[PDB]
2 protein chains.
Amino acid sequence: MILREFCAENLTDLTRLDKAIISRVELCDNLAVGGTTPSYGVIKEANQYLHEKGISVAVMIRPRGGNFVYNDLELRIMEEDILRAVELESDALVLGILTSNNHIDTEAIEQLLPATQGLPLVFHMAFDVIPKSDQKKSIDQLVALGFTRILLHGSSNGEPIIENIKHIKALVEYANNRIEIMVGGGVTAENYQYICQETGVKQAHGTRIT
Amino acid sequence: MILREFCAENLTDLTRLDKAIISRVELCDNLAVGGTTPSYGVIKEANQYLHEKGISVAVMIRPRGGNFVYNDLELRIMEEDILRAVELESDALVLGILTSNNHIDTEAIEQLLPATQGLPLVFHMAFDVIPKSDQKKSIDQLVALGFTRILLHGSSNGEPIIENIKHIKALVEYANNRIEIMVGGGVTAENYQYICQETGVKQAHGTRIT
């Protein structure tokens with residue numbers, strides 16, 4: 001039983017979702033740039049709408065597109081958006097911060113931890129930018145930071161996820177159930193099952209997951 | 001002389017703005033779909049940042065891309081986003097609602113008027129979708145609804161704004177100072193001056209206005 005997560009932009013396509021197949025949705029806007037934090041109205045209404053249909057909501061916390069190297073003002077934005085996301089009863093927060101050298105910016109993330117108020121945390125696709133050699137350590141760091149899961153593609157150049165099986169499986173084995181691994185990027189209703197059984201992953205993310 | 005409005009997506013490109021040339025900014029996100037309501041954090045920080053530099057902020061109120069024919073839930077989203085925009089000291093609200101027959105949905109707009117709490121209101125590019133024959137009446141309706149200005153391109157098929165001079169001028173003359181007309185869509189630092197003098201328009205909107 002693989003857990004499927006639908007990646008939505010606002011609540012336009014939510015009316016066809018069914019908890020029987022989709023258990024969670026990643027709520028964001030601007031998917032053209034990879035997804036950003038949706039408006040307050042969208043978060044409040046989507047959460048109530050989805051909860052009503054029995055589906056969890058993971059809110060995207062990203063101040064804009066491009067880099068994952070945020071300046072002070074952008075971090076101030078993210079902290080604010082996190083406070084609202086929690087007061088609006090969001091089930092999870094999706095974020096990702098990296099240093100100029102493509103490593104996990106632990107200090108920046110710790111600055112936002114208090115605002116998270118214990119809600120489940122997920123590190124997004126920014127994980128793939130991390131050099132493959134520092135990948136495993138990053139997992140340990142995410143575990144130490146209290147993160148619940150990691151959404152990754154297995155590569156950063158956009159190659160077919162099907163060719164990242166070996167690497168993704170190594171990450172799952174190394175994670176050793178200390179944190180959940182979720183596959184995303186090119187994950188559809190045609191390959192999500194195969195990819196999961198060959199890697200040991202039990203969660204799939206995608207805009208065309210169904 | 002001519003008032004220039006910069007169309008921004010979040011606050012990434014705001015650091016170079018100067019009140020000496022840009023007096024107002026239209027704040028939104030997801031410009032790929034024409035612009036939607038930005039996150040709460042972006043509105044709060046952008047308003048404080050821009051006000052600090054002496055520039056007004058018009059916040060986009062649009063629950064998603066595509067149509068301007070909103071369902072009840074989407075109208076609930078817009079009312080919520082309007083309440084937040086005002087409590088965050090926004091200077092203006094940008095919205096646009098149309099009926100299935102491409103006419104101004106007066107009843108829907110009136111439902112949101114109370115939440116606006118008197119802030120200046122602007123009707124966006126959705127105005128161009130209105131059949132050219134019902135264009136002038138729409139202006140009267142916007143005046144009756146208490147709107148401050150209208151952002152329009154002068155055509156709905158995306159033709160060069162330079163070819164809409166005659167129509168745009170007719171709208172300005174008909175508006176007769178009862179409401180401000182602002183040009184947008186293909187308006188750059190190379191044609192905004194010419195377009196304004198030939199139409200009588202005194203305000204220009206654009207991502208490349210400078």
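Residues numbered from 1 in each chain as written, not as in the entry; some residues may be left out. Chains lettered and ligands numbered in written order. Heavy atoms only, no water.

**Student:** An account of the state of the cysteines is needed here, citing residue identities and associated values.
**Tutor:** As used here, a disulfide is simply a covalent bond connecting the sulfur atoms of two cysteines. One pass over the structure, following the stated rule, counts 0 disulfides over all chains. Lacking any disulfide linkage, A:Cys28 is separated from the closest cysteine sulfur, that of A:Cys7, by 4.4 Å. (Disulfide = S-S within 2.5 Å.)

**Student:** With reference to specific residues and values, describe the sheet that holds strand 1 (residues 3-9) of chain B.
**Tutor:** All names here are of chain B. One closed barrel holds the 8 strands; their spatial order is 1-2-3-4-5-6-7-8, and the pairing between them is parallel. If you compare each strand with its neighbour and ignore which way they point, the axes differ by 25 degrees on average. As defined by bridge partners, strand 3 (residues 56-60) adjoins strand 4 (residues 92-95) across 3 bridges and the pair is classed as parallel. Bridge pairing in strand 4 links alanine 58 to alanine 92. (Pairing = 2+ DSSP bridges. Helix = DSSP H or I, 4+ residues; strand = E, 2+ residues; numbered from the N terminus. Axes fitted to C-alpha atoms, helices over the stretch in contact; angles between N-to-C directions.)

**Student:** Mind laying out the environment of A:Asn47, listing which residues take part and the relevant values?
**Tutor:** Residues and elements named next belong to chain A. Relative to the helices and strands, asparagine 47 resides in helix 1 (residues 40-52). If sequence neighbours within four positions are ignored, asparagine 47 has contacts with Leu27, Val42, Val57, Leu88, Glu89 and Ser90. Engagement of the side chain of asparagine 47 in a polar contact is seen with the side chain of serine 90, the distance being 3.0 Å. (Contact = heavy atoms within 4.5 Å. Polar contact = N/O pair within 3.5 Å; in protein donor to acceptor, adjacent residues only side chain to side chain.)

**Student:** Give me the lowdown on the packing of helix 5 (residues 165-175) of chain A against helix 6 (residues 192-199) of chain A, citing residues and values where you can.
**Tutor:** Residues and elements named next belong to chain A. Helix 6 packs onto helix 5 with a crossing angle of 55 degrees between their chain directions and a minimal axis gap of 8 Å. Considering the angle they form, helix 5 stands oblique to helix 6. Seen along the crossing, helix 5 lies across helix 6 with a hand that is right-handed. The segment helix 5 lies against helix 6, with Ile165, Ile168, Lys169 and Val172 engaging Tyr194, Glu198 and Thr199. Its residues assigned to classes, the contact of helix 5 with helix 6 shows 4 nonpolar, 1 polar and 2 charged. (Parallel < 35°, antiparallel > 145°, perpendicular 65-115°, else oblique. Left-handed = near helix turned anticlockwise from the far one by under 90°. Nonpolar A, V, L, I, M, F, W, Y, C, P; charged D, E, K, R; others polar.)

**Student:** So what's going on with the relation of the copies chain B and chain A? Residues and values would help.
**Tutor:** Between chain B and chain A, which share one sequence, the superposing operator has a rotation angle of 179 degrees and an axial displacement of 0.1 Å; the RMSD is 0.0 Å. Here the copies are linked by what is in effect a two-fold axis. Both copies contact each other with a shared surface, as 100% of the interface residues of chain B are interface residues in chain A too. (Least-squares fit on C-alpha atoms.)

**Student:** Give me the lowdown on the pattern of salt bridges, citing residues and values where you can.
**Tutor:** Taken as a whole and judged by the stated rule, the model has 18 salt bridges over all chains. A salt bridge links A:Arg178 to A:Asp140; its shortest N-O distance comes to 2.7 Å. One end of the pair, A:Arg178, is in the loop between helix 5 and strand 7 (180-183); the other, A:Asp140, is in helix 4 (residues 135-144), and 38 residues separate them in sequence. The salt bridge partner of B:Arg64 is B:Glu74, with a shortest N-O separation of 3.1 Å. In this pair, B:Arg64 is assigned in the loop between strand 3 and helix 2 (72-87) and B:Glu74 in helix 2, connecting sequence segments 10 residues apart. For B:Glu74, a relative accessible area of 6% translates into the label buried. (Salt bridge = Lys/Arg side-chain N within 4 Å of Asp/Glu carboxyl O. Buried < 20%, exposed > 50% of the residue type's maximum accessible area, 1.4 Å probe, protein only.)

**Student:** I'd like to hear about the packing of aromatic side chains, residue by residue, with values.
**Tutor:** Summed over the entire model, instances satisfying the criterion amount to 3 aromatic pairs over all chains. Judged by centre distance (5.7 Å) and plane angle (40 degrees), the ring pair of A:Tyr40 and B:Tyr40 falls under tilted. Here A:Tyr40, found in helix 1, pairs with B:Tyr40, found in helix 1 (residues 40-52), and the two come from separate chains. Under the relative-accessibility criterion, B:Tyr40 is labelled buried at 11%. Pairing B:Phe123 with B:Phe147 gives two aromatic rings, centres 5.9 Å apart and planes at 65 degrees, and the pair type is edge-to-face. Linking B:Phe123 in strand 5 (residues 121-123) with B:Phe147 in the loop between helix 4 (135-144) and strand 6 (149-152), this pair joins segments that are 24 residues apart in sequence. Take B:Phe123: its relative accessible area is 0%, and that puts it in the buried class. Positioned above the aromatic ring of B:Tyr40 is the side chain of A:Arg84, whose terminal nitrogen or guanidinium carbon lies 5.8 Å from the ring centre. (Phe/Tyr/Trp six-rings, centres within 6.5 Å; stacked < 30°, edge-to-face > 60°. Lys NZ or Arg CZ within 6 Å of the ring centre and 35° of its normal.)

**Student:** Go over the nonpolar core with me, naming the residues and quoting the values.
**Tutor:** Counting 127 residues, the largest nonpolar core has A:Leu14, A:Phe123 and B:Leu14 as its most contacted members. Setting aside chain neighbours within four positions, we find B:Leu14 in contact with B:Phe6, B:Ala8, B:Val25, B:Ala46, B:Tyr49, B:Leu50 and B:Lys53. (Core = buried A, V, L, I, M, F, W, Y, C linked by side-chain atoms within 4.5 Å.)

**Student:** Describe in detail the sheet that holds strand 8 (residues 203-206) of chain A, supporting the description with residues and values.
**Tutor:** If you walk around this closed barrel you meet the 8 strands as 1-2-3-4-5-6-7-8 (chain A), and the pairing is parallel. Each neighbouring strand pair of the sheet contributes to a mean axis angle of 25 degrees, computed without reference to strand direction.

**Student:** Any chance you could break down helix 4 of chain B for me, citing the residues and the numbers?
**Tutor:** Residues and elements named next belong to chain B. For helix 4, every residue scored as buried is listed here: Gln135, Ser138, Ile139 and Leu142. Each buried residue of helix 4 sits inside an arc of 105 degrees when the element is viewed along its axis, so together they form one side. Those residues of helix 4 hidden inside the fold are in contact with strand 5, strand 6 and helix 5 (165-175). Where helix 4 ends, the next residue or the one after it, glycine 146, has phi of about 80 degrees, a positive value. (Arc of directions from axis to C-beta.)

**Student:** So what's going on with the side chain of B:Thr99? Residues and values would help.
**Tutor:** Residue and element names in this part refer to chain B. For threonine 99, the location among the structural elements is in the loop between strand 4 and helix 3 (106-116). Reaching out from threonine 99, the side chain makes a polar contact with the side chain of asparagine 101 at a distance of 2.8 Å. When near neighbours in sequence (up to four residues on either side) are disregarded, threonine 99 contacts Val69, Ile104 and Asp105.

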